[PDB]
>>> print(open('input.pdb').read())   # PDB, C-alpha atoms (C1' of nucleotides)
MODEL        1
ATOM      1  CA  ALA A   2      31.024  -9.749 149.174
ATOM      2  CA  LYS A   3      30.279 -10.327 152.857
ATOM      3  CA  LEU A   4      27.756  -8.625 155.113
ATOM      4  CA  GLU A   5      26.980  -8.721 158.825
ATOM      5  CA  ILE A   6      23.521  -9.487 160.201
ATOM      6  CA  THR A   7      22.528  -8.626 163.784
ATOM      7  CA  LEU A   8      19.301  -8.060 165.711
ATOM      8  CA  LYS A   9      17.859  -4.940 167.222
ATOM      9  CA  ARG A  10      14.822  -7.014 167.942
ATOM     10  CA  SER A  11      13.512 -10.167 169.576
ATOM     11  CA  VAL A  12      11.417 -12.785 167.858
ATOM     12  CA  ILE A  13       8.925 -13.274 170.712
ATOM     13  CA  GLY A  14       5.911 -11.257 169.638
ATOM     14  CA  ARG A  15       6.190 -12.024 165.903
ATOM     15  CA  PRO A  16       4.305 -14.585 163.737
ATOM     16  CA  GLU A  17       5.368 -18.116 162.878
ATOM     17  CA  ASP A  18       6.273 -17.272 159.265
ATOM     18  CA  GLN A  19       8.913 -14.775 160.355
ATOM     19  CA  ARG A  20      10.046 -16.910 163.302
ATOM     20  CA  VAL A  21      11.646 -19.844 161.480
ATOM     21  CA  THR A  22      13.383 -17.541 158.969
ATOM     22  CA  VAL A  23      15.341 -16.082 161.879
ATOM     23  CA  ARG A  24      16.352 -19.636 162.846
ATOM     24  CA  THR A  25      17.584 -20.445 159.337
ATOM     25  CA  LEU A  26      19.861 -17.379 159.413
ATOM     26  CA  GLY A  27      21.665 -18.807 162.448
ATOM     27  CA  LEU A  28      20.140 -16.007 164.531
ATOM     28  CA  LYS A  29      18.743 -17.365 167.790
ATOM     29  CA  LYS A  30      18.949 -14.810 170.608
ATOM     30  CA  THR A  31      19.179 -11.051 170.297
ATOM     31  CA  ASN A  32      22.378  -9.176 169.389
ATOM     32  CA  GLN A  33      23.907 -12.333 167.881
ATOM     33  CA  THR A  34      26.226 -11.091 165.133
ATOM     34  CA  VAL A  35      26.259 -13.408 162.101
ATOM     35  CA  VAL A  36      28.111 -12.880 158.796
ATOM     36  CA  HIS A  37      27.112 -14.317 155.414
ATOM     37  CA  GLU A  38      27.793 -13.706 151.737
ATOM     38  CA  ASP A  39      25.996 -11.131 149.608
ATOM     39  CA  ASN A  40      23.709 -13.523 147.731
ATOM     40  CA  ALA A  41      20.166 -12.965 146.474
ATOM     41  CA  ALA A  42      18.945 -16.021 148.401
ATOM     42  CA  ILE A  43      19.811 -14.503 151.775
ATOM     43  CA  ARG A  44      18.859 -11.076 150.398
ATOM     44  CA  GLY A  45      15.366 -12.431 149.761
ATOM     45  CA  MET A  46      15.096 -13.284 153.450
ATOM     46  CA  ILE A  47      16.147  -9.767 154.431
ATOM     47  CA  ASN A  48      13.783  -8.279 151.840
ATOM     48  CA  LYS A  49      11.088 -10.476 153.376
ATOM     49  CA  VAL A  50      11.798  -9.190 156.884
ATOM     50  CA  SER A  51      14.039  -6.049 156.951
ATOM     51  CA  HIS A  52      12.603  -4.909 160.298
ATOM     52  CA  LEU A  53      13.752  -7.305 162.982
ATOM     53  CA  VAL A  54      17.243  -6.812 161.558
ATOM     54  CA  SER A  55      19.664  -3.932 161.282
ATOM     55  CA  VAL A  56      21.712  -4.861 158.211
ATOM     56  CA  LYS A  57      25.451  -4.257 158.082
ATOM     57  CA  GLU A  58      27.449  -4.119 154.860
ATOM     58  CA  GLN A  59      31.222  -4.078 154.484
TER      59      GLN A  59
ATOM     60  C1'   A B   1      12.208 -26.401 157.001
ATOM     61  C1'   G B   2      13.214 -21.112 155.050
ATOM     62  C1'   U B   3      14.730 -17.868 150.998
ATOM     63  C1'   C B   4      15.633 -17.049 145.676
ATOM     64  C1'   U B   5      14.558 -19.302 140.971
ATOM     65  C1'   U B   6      10.954 -20.911 136.655
ATOM     66  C1'   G B   7       6.270 -23.726 136.419
ATOM     67  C1'   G B   8       1.399 -23.963 137.373
ATOM     68  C1'   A B   9      -3.911 -25.390 140.023
ATOM     69  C1'   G B  10      -7.716 -22.027 141.996
ATOM     70  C1'   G B  11     -12.219 -17.754 140.754
ATOM     71  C1'   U B  12     -12.381 -13.968 146.327
ATOM     72  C1'   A B  13     -11.134  -8.375 147.536
ATOM     73  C1'   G B  14     -11.410  -5.384 143.594
ATOM     74  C1'   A B  15     -13.466  -4.135 139.105
ATOM     75  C1'   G B  16     -17.324  -5.051 134.883
ATOM     76  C1'   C B  17     -22.740  -5.102 133.594
ATOM     77  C1'   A B  18     -21.357  -9.257 128.135
ATOM     78  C1'   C B  19     -25.200 -14.034 131.132
ATOM     79  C1'   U B  20     -28.216 -13.782 135.585
ATOM     80  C1'   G B  21     -31.517 -10.961 138.468
ATOM     81  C1'   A B  22     -32.634  -6.011 140.440
ATOM     82  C1'   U B  23     -33.205  -0.919 139.023
ATOM     83  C1'   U B  24     -32.978   4.859 137.227
ATOM     84  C1'   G B  25     -34.130   8.361 133.064
ATOM     85  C1'   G B  26     -34.940  10.049 128.131
ATOM     86  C1'   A B  27     -36.116   9.156 123.043
ATOM     87  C1'   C B  28     -39.150   5.719 120.402
ATOM     88  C1'   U B  29     -43.215   2.219 119.912
ATOM     89  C1'   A B  30     -46.113  -2.649 118.640
ATOM     90  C1'   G B  31     -50.294  -3.040 121.192
ATOM     91  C1'   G B  32     -53.932  -1.681 124.859
ATOM     92  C1'   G B  33     -57.872   0.876 126.676
ATOM     93  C1'   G B  34     -59.834   5.917 127.398
ATOM     94  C1'   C B  35     -62.035  11.874 125.497
ATOM     95  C1'   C B  36     -64.807   9.723 122.534
ATOM     96  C1'   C B  37     -66.006  11.277 116.735
ATOM     97  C1'   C B  38     -68.215   9.197 112.757
ATOM     98  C1'   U B  39     -71.280   4.563 115.058
ATOM     99  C1'   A B  40     -73.110  -3.515 113.049
ATOM    100  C1'   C B  41     -67.283  -3.426 119.663
ATOM    101  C1'   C B  42     -67.606  -2.202 113.313
ATOM    102  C1'   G B  43     -65.282   2.861 109.886
ATOM    103  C1'   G B  44     -60.528   6.224 112.707
ATOM    104  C1'   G B  45     -58.844   9.955 114.714
ATOM    105  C1'   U B  46     -56.791  11.506 119.171
ATOM    106  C1'   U B  47     -53.728  12.570 123.849
ATOM    107  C1'   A B  48     -47.898  13.277 127.632
ATOM    108  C1'   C B  49     -53.918   7.637 129.426
ATOM    109  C1'   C B  50     -50.666   3.593 129.640
ATOM    110  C1'   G B  51     -47.309   0.935 127.325
ATOM    111  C1'   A B  52     -44.204  -4.743 125.770
ATOM    112  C1'   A B  53     -40.280  -4.676 122.810
ATOM    113  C1'   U B  54     -36.440  -1.020 121.030
ATOM    114  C1'   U B  55     -31.919   1.426 121.537
ATOM    115  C1'   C B  56     -29.128   5.902 124.224
ATOM    116  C1'   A B  57     -26.813   7.120 128.765
ATOM    117  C1'   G B  58     -27.187   5.354 134.082
ATOM    118  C1'   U B  59     -26.459   2.630 138.686
ATOM    119  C1'   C B  60     -26.342  -2.360 141.793
ATOM    120  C1'   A B  61     -24.988  -8.236 143.998
ATOM    121  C1'   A B  62     -23.404 -13.729 149.747
ATOM    122  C1'   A B  63     -26.105 -17.679 146.102
ATOM    123  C1'   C B  64     -24.093 -11.996 138.579
ATOM    124  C1'   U B  65     -19.538 -13.388 136.019
ATOM    125  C1'   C B  66     -16.701 -12.072 129.466
ATOM    126  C1'   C B  67     -12.491 -10.286 133.783
ATOM    127  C1'   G B  68      -9.233 -10.739 137.763
ATOM    128  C1'   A B  69      -4.535  -9.168 141.846
ATOM    129  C1'   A B  70      -1.736  -9.579 146.435
ATOM    130  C1'   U B  71      -0.794 -13.624 149.280
ATOM    131  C1'   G B  72      -1.610 -18.636 150.900
ATOM    132  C1'   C B  73      -0.914 -24.278 148.825
ATOM    133  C1'   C B  74       0.836 -28.414 146.076
ATOM    134  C1'   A B  75       5.528 -28.394 143.010
ATOM    135  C1'   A B  76      10.063 -29.278 139.964
ATOM    136  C1'   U B  77      14.748 -27.100 139.869
ATOM    137  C1'   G B  78      19.353 -25.656 141.568
ATOM    138  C1'   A B  79      21.721 -22.283 145.048
ATOM    139  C1'   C B  80      22.565 -20.635 150.161
ATOM    140  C1'   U B  81      21.849 -20.872 155.373
TER     141        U B  81
ENDMDL
END
>>> encode(input="input.pdb", output="structure tokens")
Amino acid sequence: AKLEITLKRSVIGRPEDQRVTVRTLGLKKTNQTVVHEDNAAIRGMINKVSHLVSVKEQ
RNA sequence: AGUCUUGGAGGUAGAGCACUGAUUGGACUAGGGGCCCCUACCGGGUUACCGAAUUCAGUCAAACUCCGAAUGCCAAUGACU
């Protein structure tokens, strides 16, 4: 299915490894709501971070 | 470029004491002197006077490895952004 991905959190103050992964999700600023499909590829990014992001299912 | 995917290369942290060294303690002991006895340093007895090896347990390492993670790196492979 689909799921929404937002930010509670800014990227400034976080390492370089977790910085570009935010860029690849389409997320640039804070509070930028972005929807994608429930796939294990994007789930692996969330499982890698899970703490800049408040996840949102449907 | 990132994530997931399978595939490795590699010998730290850890852990182990099998190699390397270090080192505890007991049993045991070649052998060694010593109380010295009998006495050509020659015949043999003796102790906790030591003791190599010996095995039993016991620790220890930046330059000890039979072992060995997380990650990080080169990948192929598709998928997504």
>>> interface_residues(input="input.pdb", of="chain A", to="chain B", cutoff="12 Å", atoms="all atoms listed in the file", output="JSON, numbers by chain")
{"A": [17, 18, 19, 20, 21, 22, 23, 24, 25, 26, 27, 28, 35, 36, 37, 38, 39, 40, 41, 42, 43, 44, 45, 46, 47, 48, 49, 50]}
>>> residues_around(input="input.pdb", residues="residue 74 in chain B", least_positions_apart="3", cutoff="12 Å", atoms="only C-alpha atoms (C1' of nucleotides)", output="ChimeraX atom specification")
/B:8-10
>>> write_last_selection(input="input.pdb", atoms="C-alpha atoms (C1' of nucleotides)", output="PDB file, keeping the file's coordinate frame")
ATOM      1  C1'   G B   8       1.399 -23.963 137.373  1.00  0.00           C
ATOM      2  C1'   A B   9      -3.911 -25.390 140.023  1.00  0.00           C
ATOM      3  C1'   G B  10      -7.716 -22.027 141.996  1.00  0.00           C
TER       4        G B  10
END
>>> closest_residue(input="input.pdb", among="B:60, B:36, B:76, B:69", to="residue 16 in chain B", atoms="all atoms listed in the file")
B:60
>>> residues_around(input="input.pdb", residues="residue 11 in chain A", least_positions_apart="4", cutoff="10 Å", atoms="only C-alpha atoms (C1' of nucleotides)", output="ChimeraX atom specification")
/A:15,20,23,29-32,53-54
>>> axis_aligned_box(input="input.pdb", around="range 55-72 of chain B", padding_each_side="6 Å", output="AutoDock Vina command-line options")
--center_x -16.4 --center_y -5.8 --center_z 136.2 --size_x 43.1 --size_y 37.8 --size_z 41.4
>>> atom_distance(input="input.pdb", atom1="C1' of residue 67 in chain B", atom2="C1' of residue 15 in chain B")
8.2 Å
>>> atom_distance(input="input.pdb", atom1="CA of residue 14 in chain A", atom2="CA of residue 57 in chain A")
23.8 Å
>>> residues_around(input="input.pdb", residues="range 47-56 of chain B", least_positions_apart="3", cutoff="12 Å", atoms="all atoms listed in the file", output="list in words")
residues 25, 26, 27, 28, 29, 30, 31, 32, 33, 34, 35 and 36 of chain B
>>> residues_around(input="input.pdb", residues="residue 58 in chain A", least_positions_apart="4", cutoff="8 Å", atoms="all atoms listed in the file", output="count of residues only")
3
>>> resolve_selection(input="input.pdb", expression="the PyMOL selection byres ((chain B and resi 59) around 10)", output="list in words")
residues 17, 23, 24, 58 and 60 of chain B
>>> atom_distance(input="input.pdb", atom1="CA of residue 8 in chain A", atom2="CA of residue 52 in chain A")
9.2 Å
>>> decode(input="input.pdb", residues="range 10-32 of chain A", atoms="N, CA, C and O atoms", output="PDB file, in the first residue's frame")
ATOM      1  N   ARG A  10      11.945  16.737  12.253  1.00  0.00           N
ATOM      2  CA  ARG A  10      13.348  16.901  12.585  1.00  0.00           C
ATOM      3  C   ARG A  10      14.090  17.481  11.394  1.00  0.00           C
ATOM      4  O   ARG A  10      13.764  17.185  10.244  1.00  0.00           O
ATOM      5  N   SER A  11      15.079  18.322  11.679  1.00  0.00           N
ATOM      6  CA  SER A  11      15.950  18.850  10.645  1.00  0.00           C
ATOM      7  C   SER A  11      17.157  17.950  10.442  1.00  0.00           C
ATOM      8  O   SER A  11      17.480  17.097  11.266  1.00  0.00           O
ATOM      9  N   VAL A  12      17.834  18.169   9.322  1.00  0.00           N
ATOM     10  CA  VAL A  12      18.989  17.356   8.996  1.00  0.00           C
ATOM     11  C   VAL A  12      20.264  18.011   9.515  1.00  0.00           C
ATOM     12  O   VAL A  12      21.250  17.320   9.805  1.00  0.00           O
ATOM     13  N   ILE A  13      20.257  19.333   9.689  1.00  0.00           N
ATOM     14  CA  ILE A  13      21.453  20.049  10.125  1.00  0.00           C
ATOM     15  C   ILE A  13      21.751  19.709  11.577  1.00  0.00           C
ATOM     16  O   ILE A  13      20.960  20.006  12.478  1.00  0.00           O
ATOM     17  N   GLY A  14      22.900  19.082  11.802  1.00  0.00           N
ATOM     18  CA  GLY A  14      23.226  18.477  13.071  1.00  0.00           C
ATOM     19  C   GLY A  14      23.296  16.968  13.041  1.00  0.00           C
ATOM     20  O   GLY A  14      23.373  16.350  14.108  1.00  0.00           O
ATOM     21  N   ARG A  15      23.259  16.356  11.864  1.00  0.00           N
ATOM     22  CA  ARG A  15      23.299  14.916  11.679  1.00  0.00           C
ATOM     23  C   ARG A  15      24.411  14.563  10.698  1.00  0.00           C
ATOM     24  O   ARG A  15      24.804  15.402   9.879  1.00  0.00           O
ATOM     25  N   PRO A  16      24.968  13.326  10.766  1.00  0.00           N
ATOM     26  CA  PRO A  16      26.122  12.987   9.915  1.00  0.00           C
ATOM     27  C   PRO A  16      25.840  12.946   8.422  1.00  0.00           C
ATOM     28  O   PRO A  16      24.706  13.130   7.974  1.00  0.00           O
ATOM     29  N   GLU A  17      26.889  12.689   7.643  1.00  0.00           N
ATOM     30  CA  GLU A  17      26.760  12.711   6.193  1.00  0.00           C
ATOM     31  C   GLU A  17      26.050  11.470   5.672  1.00  0.00           C
ATOM     32  O   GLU A  17      25.360  11.539   4.647  1.00  0.00           O
ATOM     33  N   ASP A  18      26.202  10.339   6.367  1.00  0.00           N
ATOM     34  CA  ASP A  18      25.549   9.097   5.963  1.00  0.00           C
ATOM     35  C   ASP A  18      24.033   9.232   6.006  1.00  0.00           C
ATOM     36  O   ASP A  18      23.338   8.800   5.081  1.00  0.00           O
ATOM     37  N   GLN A  19      23.508   9.852   7.050  1.00  0.00           N
ATOM     38  CA  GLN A  19      22.073  10.031   7.165  1.00  0.00           C
ATOM     39  C   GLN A  19      21.571  11.270   6.445  1.00  0.00           C
ATOM     40  O   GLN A  19      20.357  11.477   6.381  1.00  0.00           O
ATOM     41  N   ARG A  20      22.465  12.088   5.896  1.00  0.00           N
ATOM     42  CA  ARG A  20      22.044  13.323   5.245  1.00  0.00           C
ATOM     43  C   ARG A  20      21.540  13.070   3.830  1.00  0.00           C
ATOM     44  O   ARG A  20      20.484  13.576   3.437  1.00  0.00           O
ATOM     45  N   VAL A  21      22.289  12.294   3.049  1.00  0.00           N
ATOM     46  CA  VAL A  21      21.927  12.055   1.659  1.00  0.00           C
ATOM     47  C   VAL A  21      20.718  11.128   1.543  1.00  0.00           C
ATOM     48  O   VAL A  21      19.957  11.228   0.572  1.00  0.00           O
ATOM     49  N   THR A  22      20.492  10.265   2.537  1.00  0.00           N
ATOM     50  CA  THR A  22      19.322   9.390   2.520  1.00  0.00           C
ATOM     51  C   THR A  22      18.031  10.184   2.637  1.00  0.00           C
ATOM     52  O   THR A  22      16.992   9.778   2.105  1.00  0.00           O
ATOM     53  N   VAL A  23      18.078  11.311   3.345  1.00  0.00           N
ATOM     54  CA  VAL A  23      16.935  12.212   3.398  1.00  0.00           C
ATOM     55  C   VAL A  23      16.684  12.825   2.026  1.00  0.00           C
ATOM     56  O   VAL A  23      15.530  12.975   1.601  1.00  0.00           O
ATOM     57  N   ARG A  24      17.759  13.148   1.301  1.00  0.00           N
ATOM     58  CA  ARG A  24      17.641  13.737  -0.033  1.00  0.00           C
ATOM     59  C   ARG A  24      17.011  12.763  -1.017  1.00  0.00           C
ATOM     60  O   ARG A  24      16.167  13.145  -1.835  1.00  0.00           O
ATOM     61  N   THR A  25      17.403  11.491  -0.939  1.00  0.00           N
ATOM     62  CA  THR A  25      16.885  10.480  -1.849  1.00  0.00           C
ATOM     63  C   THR A  25      15.415  10.170  -1.611  1.00  0.00           C
ATOM     64  O   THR A  25      14.747   9.671  -2.522  1.00  0.00           O
ATOM     65  N   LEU A  26      14.891  10.462  -0.423  1.00  0.00           N
ATOM     66  CA  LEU A  26      13.470  10.305  -0.146  1.00  0.00           C
ATOM     67  C   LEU A  26      12.622  11.454  -0.670  1.00  0.00           C
ATOM     68  O   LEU A  26      11.410  11.460  -0.434  1.00  0.00           O
ATOM     69  N   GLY A  27      13.220  12.430  -1.351  1.00  0.00           N
ATOM     70  CA  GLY A  27      12.523  13.639  -1.725  1.00  0.00           C
ATOM     71  C   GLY A  27      12.411  14.666  -0.623  1.00  0.00           C
ATOM     72  O   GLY A  27      12.008  15.803  -0.895  1.00  0.00           O
ATOM     73  N   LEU A  28      12.762  14.307   0.605  1.00  0.00           N
ATOM     74  CA  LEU A  28      12.634  15.190   1.752  1.00  0.00           C
ATOM     75  C   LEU A  28      13.783  16.187   1.741  1.00  0.00           C
ATOM     76  O   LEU A  28      14.951  15.791   1.763  1.00  0.00           O
ATOM     77  N   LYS A  29      13.468  17.477   1.699  1.00  0.00           N
ATOM     78  CA  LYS A  29      14.515  18.488   1.691  1.00  0.00           C
ATOM     79  C   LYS A  29      14.464  19.372   2.928  1.00  0.00           C
ATOM     80  O   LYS A  29      15.432  19.419   3.692  1.00  0.00           O
ATOM     81  N   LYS A  30      13.356  20.058   3.154  1.00  0.00           N
ATOM     82  CA  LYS A  30      13.197  20.933   4.300  1.00  0.00           C
ATOM     83  C   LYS A  30      12.542  20.136   5.421  1.00  0.00           C
ATOM     84  O   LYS A  30      12.436  18.911   5.352  1.00  0.00           O
ATOM     85  N   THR A  31      12.108  20.806   6.474  1.00  0.00           N
ATOM     86  CA  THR A  31      11.296  20.122   7.463  1.00  0.00           C
ATOM     87  C   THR A  31       9.828  20.198   7.078  1.00  0.00           C
ATOM     88  O   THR A  31       9.420  21.021   6.255  1.00  0.00           O
ATOM     89  N   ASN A  32       9.044  19.295   7.675  1.00  0.00           N
ATOM     90  CA  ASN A  32       7.588  19.213   7.551  1.00  0.00           C
ATOM     91  C   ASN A  32       7.122  19.020   6.113  1.00  0.00           C
ATOM     92  O   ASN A  32       5.993  19.381   5.773  1.00  0.00           O
TER      93      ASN A  32
END
